[PDB]
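See below for the structure under consideration.
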Amino acid sequence: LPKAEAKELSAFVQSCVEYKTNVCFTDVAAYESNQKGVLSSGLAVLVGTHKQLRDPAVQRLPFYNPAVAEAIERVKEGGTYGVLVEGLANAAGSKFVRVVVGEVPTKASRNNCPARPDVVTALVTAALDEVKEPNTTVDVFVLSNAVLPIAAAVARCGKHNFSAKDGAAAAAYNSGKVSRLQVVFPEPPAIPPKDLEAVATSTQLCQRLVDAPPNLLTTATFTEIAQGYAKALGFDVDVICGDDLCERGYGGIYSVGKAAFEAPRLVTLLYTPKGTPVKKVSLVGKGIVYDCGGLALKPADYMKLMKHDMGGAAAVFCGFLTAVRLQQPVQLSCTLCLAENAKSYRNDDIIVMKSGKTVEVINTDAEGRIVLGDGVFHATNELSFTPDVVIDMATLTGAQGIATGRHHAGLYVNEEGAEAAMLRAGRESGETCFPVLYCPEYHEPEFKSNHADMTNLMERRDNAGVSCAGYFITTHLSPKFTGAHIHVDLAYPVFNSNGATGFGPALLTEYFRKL
Amino acid sequence: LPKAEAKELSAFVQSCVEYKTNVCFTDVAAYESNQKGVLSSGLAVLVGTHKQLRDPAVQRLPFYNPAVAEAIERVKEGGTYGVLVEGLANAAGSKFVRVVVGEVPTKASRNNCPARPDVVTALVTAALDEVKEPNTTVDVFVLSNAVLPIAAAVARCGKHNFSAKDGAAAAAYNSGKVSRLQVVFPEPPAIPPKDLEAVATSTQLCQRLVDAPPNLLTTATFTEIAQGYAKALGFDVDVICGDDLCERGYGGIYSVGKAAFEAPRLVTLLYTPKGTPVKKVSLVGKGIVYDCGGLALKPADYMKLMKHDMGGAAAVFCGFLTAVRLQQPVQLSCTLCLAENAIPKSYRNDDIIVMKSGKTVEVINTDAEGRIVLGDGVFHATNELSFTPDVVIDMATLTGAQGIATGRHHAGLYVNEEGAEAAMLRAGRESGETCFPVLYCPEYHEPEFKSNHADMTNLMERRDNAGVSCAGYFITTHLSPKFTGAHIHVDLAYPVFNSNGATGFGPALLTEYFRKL
Amino acid sequence: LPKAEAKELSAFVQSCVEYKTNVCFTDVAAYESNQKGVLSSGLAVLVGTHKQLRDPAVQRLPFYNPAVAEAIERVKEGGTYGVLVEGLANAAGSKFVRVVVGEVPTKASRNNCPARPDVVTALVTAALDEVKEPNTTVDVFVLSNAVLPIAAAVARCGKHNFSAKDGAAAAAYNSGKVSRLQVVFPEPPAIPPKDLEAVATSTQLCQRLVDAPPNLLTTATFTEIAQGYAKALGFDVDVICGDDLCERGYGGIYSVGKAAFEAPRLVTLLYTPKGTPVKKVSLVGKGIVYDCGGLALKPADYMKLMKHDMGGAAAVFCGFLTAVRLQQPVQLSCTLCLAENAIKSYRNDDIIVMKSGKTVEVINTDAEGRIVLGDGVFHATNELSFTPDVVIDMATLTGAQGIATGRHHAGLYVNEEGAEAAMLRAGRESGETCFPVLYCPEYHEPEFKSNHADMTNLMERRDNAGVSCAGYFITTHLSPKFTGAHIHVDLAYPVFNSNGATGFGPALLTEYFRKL
Ligand SMILES: [Mn+2]
Ligand SMILES: [Mn+2]
Ligand SMILES: [Mn+2]
């Protein structure tokens, strides 16, 4: 309300709308030609497997010398090893050029990405820690040709573009500590550099949205950001806000967000490609502020996970942006379920969902699943088309971590074929997933209610936690949808010790490529 | 706001602004000259050590007789013993006169006050149980000459001036159970009686502010009480509140109190004496309503500690008033960080606050709020005033770790300069309101507040790594670059109260600290 | 016990009794005289402050070149920076030599060691991670002359000598991953190299004992280790074991350990120097197996802290050994309160008669371990051949210590201000830092009030000077004979870190004895 906050929020909105990636892409041939073998600064990174690092092609690189060769021998698997090379020509005018070698493991299980982009991110991050001059450009020489997962991994790595440190609050929370990164592949990339920049930009925007604190990224500012991109890229944006949600039957999202300073919003984006689209897909994202809870973990654990509660909404939004920027051949909708949930209040309330089914709120902490029900029905009932696939993404349960872990998002899906496709998309993109038990027969009884059609939380916590939360959402699917529904629980993969990971967008982009 | 509720608050403000102590001070010589051996009432109290009680000077007192002599023999250490004296001359017209003997211990460690005023408070408190009438003055004969600690101890004791019992709410919450007390020192006091009364008044005013419930002492009423004394005693008052705090850049104090019904207020009082001041001191005080929390103790424990959450702001305010009344030669500022932490645990969790100092704070725990408001207060004091202080003293009921660390009777001291530490520690032993130092080592405190997106968090990552010190360190990071003096952080979470309520801890310590500057 | 266990336990006892340090000490001049610019191996380490690293004497060092100079510019404060130097002379004949520069901060508060040996340990540990061969000698050039704290800091660093990894359990749990280290000071050390090695040996022996799991370092094996050192170094050992503790009135230590498989033991060691001792100091150490608890922290936290329960007994024991090896002029006794706490309801509300004659109600069975220190403190002050001037008890006692003083500073509860200042000086000089906790017996006594016994074993209110109250309980069992200074050291947290035991205690005791 005050002028100081009003201007701060407008500046933040602009920064997200105007975000440009720090990562550019090229190949070894074009690099030598365009840059004349001159390194961009006094720091370079060489990343690859034990076999790749010993390839003859490595010896022909500009920075290569006997000191680098010894680094390739001395470096550990999953570790880095730095050496100084004196008298090397570089644009920073540095006396020495630091070459940090990083070894990527070949070991990869059937449920992981063979390129191991998880380690690639870790390796470059460790190499960038030596940087004291952040305004420099850093050449990152990768020996793998898996352009998509590597593009995401490098965008993921290093200092985050969101920062409030050292006066960055005055600069619209744009970090000054980030280095420009030039990823140099061995061959010309199968996906154009401009397309890879789009993927890397979305990963970092998603990261920015999830990193941002709830006083900056609000329901209002998210909507303003989405409307900003609609004006720039030319896609349709529909907004159902405040009491219009109640008046038009959206009781779930209205109930969850009615008590907030900012009104709840159901923000639907629409993209339609030129000519015949290969599929019609609807995305639904959970974007509830100050909303994280459950029974599987302790209350203190959920307050930690609450930091990344926009992960679902951010994921689908940036995946949508990539589809428009790459002009992918998919008719796409993206519904953002936005609301501020600001313990006893609303407890035992019976709300009338948009689907017409009634829900008893036995636990007010589990409101995220409720807004997804309205979003799912909206996508499958109220749009100008009926989607072939529905993909809901959300940071839903603590059980997800216990079930599938920190690196694999849980998939709850009705059709096997769609599950397999999404699993392949995770392994190809590096944003990996794993299936969670699909068995509606055993999920329905857990939501039994004396007075309403269903409760909003399973009676017994130890009966397939991730699955049951997924099942709840499926009960609010419109009857005119009879396709594949993919529920993605990404409570944990959305973050690590350094903050947001931008998990989701690249998985969607890779999924749409193989449709 | 309802009329009856608005009328109640105005009456409470007036009771605080116009408060007067029930204690008066004199000596035996002047007492025999003024009262002629006629006791003030039918209850007399004799407090002193085992040795002091057996001194020849004791029998020369007007109330002494063979019964009182036997009382001295039968009394136990730290206990009381009462005897009647039939037909002993007194002004109250009582047939008997009760004489209570209290034995003070001589045992006192190098960290404690030698006079043991903690027991003097307890002995007199027990003695006043046998009071007959509500309008009488009880003569308290102290055998010690430690005037300042005995003054604060006696002001501390007995029934509290704040009360809502037996219809006292209709009398602006002024208790009718508080007996008048006349402290009779052996020799004329080193501090003048008029000055000792100002100290006892500040102790009991501090007690009233802390005892008062949050529906009576609010951010608005504290400010109105501050503004009242400013007009009465003639000192300046600056008040930044509401959206002005946000617009001027005080994001910490603003974020904490923005949800409440009454706006958050940064209330600075300025006192500048006549001539050259011996020192320039800035005082900062935590006064957050409904705000108490941490990780060291259980949630149920912090709700008990919440009761006395104004202790920091009250101690800093009352010490300021004593300096103005005694006209101490110290240029003094006093910033009260006032806000109501109103409305859930999830609200404002993971928010990033742009503090007045320019440094950003990630709020990982919304229960640790006053620690943040002190950061804005400390910067204000060291950056925005017309002068730059030589010493900054912040006082607050901050951490549960203080109780585990230094205990119920000693406030934790976190201070950068050994010299300033020793002075405050000496002040604590001299005043009776004791302190003990907490580890100072910024090297090991800084890493506990590591944040991914902000310059710091508001709470330490590991609770078992010098929790009193870390809370103090956070505050120091928001000190101005202009400031290069001694910072004294006083954590008084526990010493501010006992089983009977507020203790009025702080003001006397500050006054005794100012005296030796 | 089975033959396989007895064999393993005997092998472990021998490894501790015959432990030799991996660290040796010298100076830049002697280094040049002995090996004339030939590095000991393909790894060299340079550790100093921002100012020290830019001293002109650093350019003249054997490993220096333009790359090393660039490392000094690019290294971060508190961090390390490695560079390869091609064709540098080294005994290994390696084609390249890795030179790792580490910057030490000058920042240090009045309660910390000015040399910041905590960072030195971290820097050298990080450097040794890039070691090629595990056995080779690594030259560690330190630009500081504070020899004692640097000695303990380097002993502290790197891979620990105790290990059960990769078949080490077949070699008596001696690690094969530890590198030899040559510390090279700028000037000849003020303390002799051989004396510095003894300090380094005690730090690492202490580290070994604390790192050791409770199925290897038992009450029996600790005694056997002590008896082994008694025969080798030539000092007297007294062992009161089992029912003899009960028969001779040691009800505290007996009650705590009576239920175990191995009996409880009060092991007292005695060292007397030749001539006139400067002081008569008695050491008491808590060495209770499977014993850690309190009210300040959660039950899960005390299980984590239970790993380092021998820290007190180990620190006192290894400090004694250093006094015997260096032949320090202090008459020393060392009482190890050893017991295995088996097997929560058992012994709850028991009233025990302590050796002091005072009775203790056991209101909390988890806090049985302050009790064993009570019997030990009385023994040292009443039952010995001499009456000590100072009694120093050491124990990993309370979770409140971490809350009060932190991870790097041990809590000091002591009656006399002079003895406190001395121990604080010892901590700042040695690097094994301490900080005082509130001393005020007036306010501590009421917390242990009991209806039936003289006292309880635990404070009634946890939020009333937790570390101090634990100390006060111990002081009540001091002998009437004793009128000296009592120093209670609560080292619950400083005894360990993320990598395991730190060997905190011995170097603190050594530096304390040196300035008496
Ligand atoms: Mn991880
Ligand atoms: Mn008390
Ligand atoms: Mn640590």
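Here is the naming used below: chain letters follow the sequence lines, and residue numbers restart at 1 for every chain.
For B:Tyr473, the ring-ring contact (aromatic ring centres under 6.0 Å, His included) test picks out no residue, with sequence neighbours left out. Listed by chain and residue number, A:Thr218, A:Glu224, A:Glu262, A:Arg265 satisfy the side chain to side chain contact (heavy atoms under 4.5 Å, CB included) test with A:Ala220 (two or more places apart in sequence, or in another chain). Looking at residues two or more places apart in sequence or on another chain, you find no ring-ring contact (aromatic ring centres under 6.0 Å, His included) involving B:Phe379.
Counting heavy atoms of neighbouring residues, nucleotides and ligands inside a 6.0 Å radius, atom NE2 of A:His407 does not exceed 12 of them.
With rounding to the nearest 0.5 angstrom, the OH atom of A:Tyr302 is 15.5 Å from the CG atom of B:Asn349. The structure places NE2 of B:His453 at 8.5 Å from CG of A:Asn498, a figure rounded to the nearest 0.5 Å. With rounding to the nearest 0.5 Å, the separation of SG in B:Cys246 from CD in A:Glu8 is 8.0 Å. In this structure, CD in A:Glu340 is found 7.5 Å from OH in B:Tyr347, a value given to the nearest 0.5 Å. To the nearest 0.5 Å, atoms CG (B:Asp350) and CE (A:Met303) are separated by 7.0 Å.
The minimum heavy-atom distance between B:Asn452 and A:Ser497, with the atom names listed, is ND2-O, 2.9 Å.
Checked by atom type and distance alone, the side chain of B:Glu247 pairs as donor or acceptor with a backbone atom of A:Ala4 at under 3.5 Å. Without hydrogens or angle criteria, A:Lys165 side chain to B:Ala454 main chain gives a donor-acceptor distance under 3.5 Å.
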### Task
Just do the side chain to side chain donor-acceptor pair (under 3.5 Å) check on A:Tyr290 and B:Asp351 with the steps written out, would you?
CA-CA 10 Å; A:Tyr290 305 120; B:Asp351 276 12; 2.8 Å; yes
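Residues from residues 166-174 of chain A that place a non-hydrogen atom less than 4.5 Å from a non-hydrogen atom of chain B comprise A:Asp166, A:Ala169, A:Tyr173, given in numerical order.
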